[PDB]
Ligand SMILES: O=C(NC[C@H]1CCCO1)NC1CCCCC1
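The chain below stands alone and is given as C-alpha cells, in the form solved without the named molecule.
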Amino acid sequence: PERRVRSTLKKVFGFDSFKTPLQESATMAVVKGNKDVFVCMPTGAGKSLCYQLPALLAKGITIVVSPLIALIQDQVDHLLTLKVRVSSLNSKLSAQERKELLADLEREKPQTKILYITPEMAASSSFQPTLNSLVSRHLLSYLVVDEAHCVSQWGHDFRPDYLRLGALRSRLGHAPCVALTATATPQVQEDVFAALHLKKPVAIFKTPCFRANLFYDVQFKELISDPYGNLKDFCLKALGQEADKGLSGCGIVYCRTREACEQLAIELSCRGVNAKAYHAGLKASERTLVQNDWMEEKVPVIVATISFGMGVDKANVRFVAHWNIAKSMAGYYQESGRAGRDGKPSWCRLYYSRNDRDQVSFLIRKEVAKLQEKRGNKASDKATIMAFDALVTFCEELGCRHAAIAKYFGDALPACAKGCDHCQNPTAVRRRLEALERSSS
C-alpha cells in the first residue's frame, strides 16, 4: 500500500517524508496508475520524485521526455548513484552505445527501468519500432513529459518537436502519462492537456501562489502630493512592527532605471529611512558592500533594479515596494514574493502611474519589434505583451489582489482575510480609481 512507497522512499531515495503533502498526493496518484497526471510545482518542491519513485514500483519501463541534455544528465547521474537502472538516448552518444541500448530494449527482459529520451528521438522513425515492441510486449509502465509547457506557443519556451508527443501518447494507449512544468497559465494548461492528448480525467497537482502573510496594495502616484513621504511612511510602518527589536527587518524598493535607484535612495535617506541604491552601474566593490550591509542589517532598505535576484534570499524582508510597475505579472509575483519568507507579516506595494504604464508598454513593443526584424513574427511576442497587460489590469481593476493573481496563474479563489487593500476597504479603492479617472486627462 502506502507502506511500499514510504520504504522505497527511504530504502532508495533516503527520505523520511515528502517535502509537501501535495508532492505526496501527486506521487500516490501516479502510483495508482489509473489517471493521466499534470504536476505544476516550482523548481525545487521535488517534482522528479513524483515520477521517479513510482517508476521503480511499476514492474515495467518508464520513458521520460526532457527537452535538453543538461536536465537529463543531472538526474541519470544521481539515479545511478542510487544503483537504479537508468539510461539516456540522445544524438550526443556514439552510434555503437546507441545500437547497444536499442538492442537492450528489444530483449524479452531489458535491463533499463527508466529511459530518458529527447523529443527528437521519441518522434524519429529510427525509434518507432523499439517503442512499438515495448508497447506490443506490454513493458511500458509510464510516459513522462518534463517541461510540458514547451508544447504551448502561448508559453515562453515553445518547441515544435513537442507537438509530435501527442500522436505518441495515443500509441502508448494503456499506460498513464505524467506531464510536469514549473509554470503554466490556464491557457498553457489547456494547450498541454490538448496537445499531449492527455486522457480525462486528468489529475492535477498545482502549487498555489497564495501567501497569507503578504499584504498587497496599489497606490496611484498621480493622486499623491508627497510620493517620497508616502513611501517613507510605508517603509517605516513595515519596519518597526516590534518596538522590542526597535526598527525590525529589512525592505526592497524596485525601480526601472539606475538614475531612479540613486535618486530614490537619497530621498528616503534624507527623510530618515536609511537606503542605498544597488544597480549594474556601480563598481563591483560598491555592489558587494551595499549587498553586505543590507544582508548584515547595517542598512535596512535596498533600492534596486531587477539586478537584485533570488540568488540572495533573506527571511525577514518586511516589505517590497515597486516604485515603477513591472514588465509582467510573473515578474511582479517573483519580485514582490521576496517578502515575508520567515512567515511573519509583510507588505507588498505597487506605485502605479499611467506615465509608467506607457513608458514600459513602449519599451516592450520597441524590443519586440527589434526581435521581429532579427527573427521575424512569433506567437511568443504577443504573450510578452499579454504578460504586461495582466499587471495593468491588476492595478486599474478593483477586487481581491490575491484572487487576481490566483486567476492569472490558474489557482482556486484564495482565503484573503482582509489581506489586501480591496478586501480591507473596498470603498477607498473605488474612490482612488474614480480619482485616477478624473486625473485621466
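Start at 1 with the first residue shown and count on from there.
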{"item": "Unmodelled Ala277 in at least one third of other entries with both flanks present", "value": "no"}
{"item": "Other entries omitting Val312, at least a third", "value": "yes"}
{"item": "Of 372-380 and 59-67, the one with larger mean CA B-factor", "value": "372-380"}
{"item": "Which of 227-235 and 73-81 has higher mean CA B factor, as the PDB entry lists it", "value": "73-81"}
{"item": "Largest Cα B-factor, entry values, listed residues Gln241, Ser133, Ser346, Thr185", "value": "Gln241"}
{"item": "Largest Cα B-factor, entry values, listed residues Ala277, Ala175, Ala284, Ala179", "value": "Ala284"}
{"item": "CA B-factor placement of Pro42, once the chain's modelled residues are sorted into thirds", "value": "highest"}
{"item": "Modelled-residue ranking by C-alpha temperature factor, third containing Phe205", "value": "lowest"}
{"item": "Where the record places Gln153 (Cα B-factor, split into thirds across the chain)", "value": "highest"}
{"item": "Modelled-residue ranking by C-alpha temperature factor, third containing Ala387", "value": "middle"}
{"item": "Third of the chain's Cα B-factor distribution that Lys314 belongs to, per the entry", "value": "middle"}
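What follows is about the form solved in complex with the named molecule, which we do not show.
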{"item": "Stretch in contact, per heavy atom within 4.5 angstroms of the named molecule in the entry with it bound, of 332-340, 212-220, 228-236, 315-323", "value": "332-340"}
{"item": "is_contact(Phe409, the named molecule) in the entry with it bound, heavy atom dist at most 4.5 Å", "value": "yes"}
{"item": "4.5 Å heavy atom contact, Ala195 to the named molecule in the entry with it bound", "value": "no"}
{"item": "4.5 Å heavy atom contact, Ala184 to the named molecule in the entry with it bound", "value": "yes"}
{"item": "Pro42: touches the named molecule in the entry with it bound, heavy atom cutoff 4.5 angstroms", "value": "yes"}
